[PDB]
Structure formats: C-alpha cells, structure tokens
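Written below as structure tokens is the structure these notes are about.
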Amino acid sequence: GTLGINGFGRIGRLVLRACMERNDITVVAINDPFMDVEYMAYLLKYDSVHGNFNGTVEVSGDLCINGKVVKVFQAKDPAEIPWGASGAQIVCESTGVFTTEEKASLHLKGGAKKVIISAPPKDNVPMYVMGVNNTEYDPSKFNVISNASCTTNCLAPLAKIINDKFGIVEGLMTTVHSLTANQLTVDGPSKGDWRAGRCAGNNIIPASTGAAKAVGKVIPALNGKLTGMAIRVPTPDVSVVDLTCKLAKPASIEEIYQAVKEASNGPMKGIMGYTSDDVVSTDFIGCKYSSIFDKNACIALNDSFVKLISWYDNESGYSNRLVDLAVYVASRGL
Ligand SMILES: NC(=O)c1ccc[n+]([C@@H]2O[C@H](COP(=O)([O-])OP(=O)(O)OC[C@H]3O[C@@H](n4cnc5c(N)ncnc54)[C@H](O)[C@@H]3O)[C@@H](O)[C@H]2O)c1
C-alpha cells in the first residue's frame, strides 16, 4: 500500500507524519509546485503546532525520510505527475483546488489507481467517514472519493450515535474553528468570503460550512434534518462542534454519554472518543480521534432539546482518518 501526496500543506504534511507512524502504508511521492525539495524538507522538519518531525529528513535528488527515498515533483497540473512511475497507488489530493471528479481524476493519467479528495467535493464524488459509512465504498464503482471535512468527521460519528439510539428530529450546528491557511494575518482581499480576509488574530469571524448538511449524504436518514455554520477564532489548531438537536425519544446528558461510550469502546473504536474532564482545545493537539464528546460542556434544556459539544483536532485527527481511509481503500482491491 503506497501513497502519493498532492499538496504538501497542513493536511498533506500531517498525512505524511501519520504514515511514518504507520506500518501498513508508505508515502512514495510528493507534489507541490510552491515549494522546492529544500523548502519541503524544512516544512516537514518543523511544525509550529505539532513539533519537530520524529525521525530524519534530508535532501537527496528528492527527500530521504527515515532513510527512504520520497520522490518530489513541482507540477501545476495533476495530469503531469508521474504517480505510476513513482509507484504511488493512492493519491491524497490536498491542494484544496481539485475537488471535483473532473479535476481529481487527472491524477489517474499519471498512473495512480485511486484518489482521495481531502475535502468535501464541489460535485457528487462520494464522501466517506471512517466508522460511519466507509464500508459502502465499492472499488468497482469509484476511483475518486472524498474524505469529507474535519468538521463532518467530528459530527457524523456523533450524529450516527445520537440518531441510532434516540433519533434526531432536527439539528443545528455551530463549529468554533481554529484558523486555517485561507485566512489572512491582516485585513486584505480574499480571492475574493469577505469575512475570512479580516485580520485572523484579533477577530471572531462567522463563516459558512457545508459540514452538517454533508452528514445528510453520509447518513441518508438525516437528509434535510441538519444544517450549520462556523465561527473562525484566532487559535492555531483544534476545533469544536456545538450541536443543538431535538430528539425523538427522551435522553438525559447521562444517557447520551453512555451511548457515546458504548460506540467509542465498540464499533467506533479509535474514531469516537469521550471525556468527563475539564478539557480545553490545546488538550486535543495531536489527538487521533475524529470526535471527542465533552460530557461536562454539554447542557440540556429538557429531556428532548440538547446542546452537545465534541472536540476535534482538525489537522491531525482528519489526517489520520485520511490515512485510515487509504489503508481501507487498498484492502478492498486496487
Ligand atoms: N487544515 C485543516 O484544518 C483542514 C482540515 C480538513 C480538511 N482540509 C482541507 O484539506 C485541503 C488542504 O488544506 P490545508 O489546510 O492543508 O491547506 P494549505 O494551504 O496548508 O495546503 C495546501 C497546499 O497545496 C499546495 N498547492 C496549491 N496548488 C497546488 C497544485 N496545483 N498542485 C499541487 N499542490 C498545490 C499549496 O502550496 C499548499 O502547500 C483543503 O481542501 C482543505 O479544505 C483542511
């Protein structure tokens, strides 16, 4: 099982870091036109959130990472990356700019077998969330797939647990989200979300997100039952889902906590997690879970109307899931 990374940004780099921990997948090639091999090595080695790389990085051609050659490309066009020549079977598409089947499928010209878009698609490319719907993937039906967003990977396991046990009548989500690369250090033009181009470090910034409605595709039972928005805040990493939902059957916070705990310790092992501790966002830097239920941050109006809080490391948790999905895709054939 081999991986090619297109876009060696926050996600692309953390995807590589994930694989280096992993014994069943190897990164064999990187493409990023906006960084030469020297710059690539540096951005791998040093991370403002996730620390010094654990292991070795040197420049050869190409990178030498933990003693193994990783082929390096700088092409604008995905059609042009020789994935097949490099021996790269799966492409992690993490540029943020090729989020359709049309665009992402061009990786197949270079001889890749499969492509995982590291974002929700602008089209109807199927979205998979590990531990929720990933086994619905049929290798004979799709070559380009999406891993959804960080926010969807946080909400979907939570939604599934809550829907299955109690039934969600209606739900509205806010995600309070750490800043990302699309934001700006000072007020300037976006490309060109006017709010997102306001000085990122001193603002609370409302944003649109499709994450909650996306849960309605991932879990078709919840189609039309969920929507949401995001609030961007100055912190460098880690985000939180605030889910306000009406339930079809009564449930106390305690009963919801047990349903979470059941799934965390069984079917959603490693995907859903939980805590009753006085946690804050930085406590989840490096967390590999998709969704961490915060018991003591939740509040109920009554037995039917509830506000649930779940954490996610939007960089690290999502990147692990993308690696999980790639390992899953490989095990299914091609
Ligand atoms: N960072 C997060 O919290 C997060 C979480 C989940 C999903 N995502 C999604 O993952 C994708 C990337 O996110 P990010 O935060 O890493 O962004 P980023 O800006 O850090 O990374 C994007 C990388 O792609 C490179 N790139 C641009 N054009 C390219 C091209 N034509 N060919 C190859 N590489 C190119 C850029 O140089 C950059 O290194 C986006 O779809 C984003 O929405 C981000």
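Counting starts at 1 for both ligands and their atoms, in listed order. Scope of the values below: all heavy atoms of this structure, side chains included, with no hydrogens, waters or symmetry mates. For the single chain, residues carry numbers from 1 onward in sequence order.
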**OP:** Have a look at ligand 1 and work out which part of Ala75, if any, has a heavy atom under 4.0 Å from it: side chain, backbone, both or neither.
**Re:** backbone

**OP:** Show which atoms of ligand 1 fall inside a sub-4.0 Å distance from at least one heavy-atom site of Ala119.
**Re:** 41 (O)

Subject >> Subset of ligand 1 atoms that lie under 4.0 Å from at least one heavy atom of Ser118 >> reply: 7 (C), 8 (N), 9 (C), 10 (O), 11 (C), 41 (O)

Original post:
Side chain, backbone, both or neither: which part of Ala181 comes within less than 4.0 Å of ligand 1 when only heavy atoms are counted?
Top reply: side chain

Original post:
Got a sec: does the NZ of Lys295 have more than 12 other heavy atoms crowding it under 6.0 Å?
Top reply: yes

Original post:
Below 4.0 angstrom, N of the basic side chain to O of the carboxylate: do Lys288 and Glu21 qualify?
Top reply: yes

Original post:
Between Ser310 and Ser291, is a side chain to side chain donor-acceptor pair (under 3.5 Å) present by the stated rule, with each step listed?
Top reply: CA-CA 6 Å; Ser310 201; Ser291 200; 2.7 Å; yes

Original post:
Mind checking whether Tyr257 and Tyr274 have ring centres under 6.0 Å apart?
Top reply: yes

Subject >> contact_flag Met35 ligand 1 heavy-atom lt 4.0 Å >> reply: yes

**OP:** Could you pull out, from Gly12, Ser94, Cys92, the option with a heavy atom nearest to atom 23 (C) of ligand 1?
**Re:** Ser94

Subject >> Pair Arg198 + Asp193, salt bridge at N-O below 4.0 Å >> reply: no

Original post:
Counting heavy atoms only, which part of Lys76 comes closer than 4.0 Å to ligand 1: side chain, backbone, both or neither?
Top reply: backbone

Original post:
CG of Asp278: more than 12 outside heavy atoms within 6.0 angstrom?
Top reply: no

Subject >> Residue pair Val241 / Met173, side-chain heavy-atom distance below 4.5 Å >> reply: yes

Subject >> Residue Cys150 vicinity, atoms of ligand 1 by number, heavy atom under 4.0 Å >> reply: 5 (C), 6 (C)

**OP:** Please indicate whether any nitrogen or oxygen in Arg10 is less than 3.5 Å from any nitrogen or oxygen in ligand 1.
**Re:** yes

**OP:** Say whether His177, considering both its backbone and side-chain N or O atoms, lies within less than 3.5 Å of an N or O atom on ligand 1.
**Re:** no

Original post:
Which is it for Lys76 and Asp32 under the salt bridge (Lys or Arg N to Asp or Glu O under 4.0 Å) test, yes or no, and what are the steps along the way?
Top reply: CA-CA 8 Å; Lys76 299 279 183 82; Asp32 201 316; over 6 Å; no

Original post:
Can you find an N or O of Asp32 that's nearer than 3.5 Å to an N or O of ligand 1?
Top reply: yes

Subject >> ligand 1 contact on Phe98 by region, counting heavy-atom pairs under 4.0 Å >> reply: side chain

Original post:
Which value, rounded to the nearest 0.5 Å, describes the distance between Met127 atom CE and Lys217 atom NZ?
Top reply: 8.5 Å

Original post:
With backbone taken as N, CA, C and O and side chain as the heavy atoms from C-beta onward, which portion of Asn31 lies under 4.0 Å from ligand 1: side chain, backbone, both, or neither?
Top reply: both

